[PDB]
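See below for the structure under consideration.
FYI the Cβ positions are ideal-geometry reconstructions off the backbone, even for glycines, and counts take in every protein chain you see. Bear in mind that the values in this text are calculations on the coordinates, not laboratory data.
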Amino acid sequence: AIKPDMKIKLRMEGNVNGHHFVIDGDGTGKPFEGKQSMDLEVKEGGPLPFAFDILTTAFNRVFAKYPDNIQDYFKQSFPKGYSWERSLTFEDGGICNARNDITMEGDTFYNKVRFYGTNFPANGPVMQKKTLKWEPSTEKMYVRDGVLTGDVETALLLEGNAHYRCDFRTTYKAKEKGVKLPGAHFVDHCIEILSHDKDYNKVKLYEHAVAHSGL
């Protein structure tokens, strides 16, 4: 069902601190190598009045290198696909909720992304655009009440040698009843903006991910 080379199509509609936007994406990935890249364009609401870095993790865990010894929930969820809901809790009270419904049509994944942020302080690094990047992290994967869940404790690097801490919780649900849940495991990952224009209206994004048993 999943080919060594797959395409990505994306539309995100969201609002952060009452600021509405629509952002489209076009990309390619190697599901078996755990690599994806995409070109993003802001279609409405630009130039965004907040850090682009808070949207980047909302822009498909099907593009993770899984070893044989861990059940790959994400490749086995296709062709029907799966959804996730995610909460982002920042140290300064900022909160985001994001959801994605992922379908596959031939060699292409379609992503319907929604993103909602609120309670970011006007003087904070997100609304002042002082964020530099996400630090690489490890996702902890386990089952909570019959639902595959993942936790990430990570941080944004800010200008002036400071970090801005964020906790992620994500839940993942296959469209097909019957897709067996995996055992607990880890996913190492890195996300990078490879290129951008002046106000981040056009952005090239890269992600690489590897699943392991922590040895």
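Some notes on this structure:
- Residue pairs meeting the criteria (Cβ under 6 Å; at least 6 apart or on separate chains; first within 12 Å of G124 (Cβ to Cβ), in region 152-168; second among the charged types (D, E, K, R) and surrounded by 16 or more Cβ atoms within 10 Å (Cβ to Cβ)): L156/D53; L158/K130
- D72 vs. criteria touching a strand residue (DSSP E or B) at 6+ places or on another chain (Cβ under 9 Å), surrounded by 16 or more Cβ atoms within 10 Å (Cβ to Cβ), under 25 Å from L158 (Cβ atoms) and acidic (D, E): no
- Some residue of region 114-129 being under 24 Å from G18 (Cα atoms), in a strand (DSSP E or B) and touching an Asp or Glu at 6+ places or on another chain (Cβ under 9 Å): yes
- Against the criterion of being loosely packed, with under 14 Cβ neighbours inside 10 Å and either of a type in the set (A, V, I, L, M, F, W, C) or within 15 Å of the chain's Cα centre (by Cα) (or both), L215 qualifies.
- Evaluated against (1) buried (at least 21 other Cβ atoms within 10 Å of the Cβ); (2) within 14 Å of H189 (Cβ to Cβ); (3) of a type in the set (D, E), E33 falls short on exactly one condition, (1).
- Whichever residue in region 101-132 is surrounded by 19 or more Cβ atoms within 10 Å (Cβ to Cβ) and among the aromatic types (F, W, Y) and, among such residues, is farthest from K30 (Cα to Cα): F120
- The residues of region 198-212 include none that are exposed (fewer than 15 other Cβ atoms within 10 Å of the Cβ) and of a type in the set (S, T, Y).
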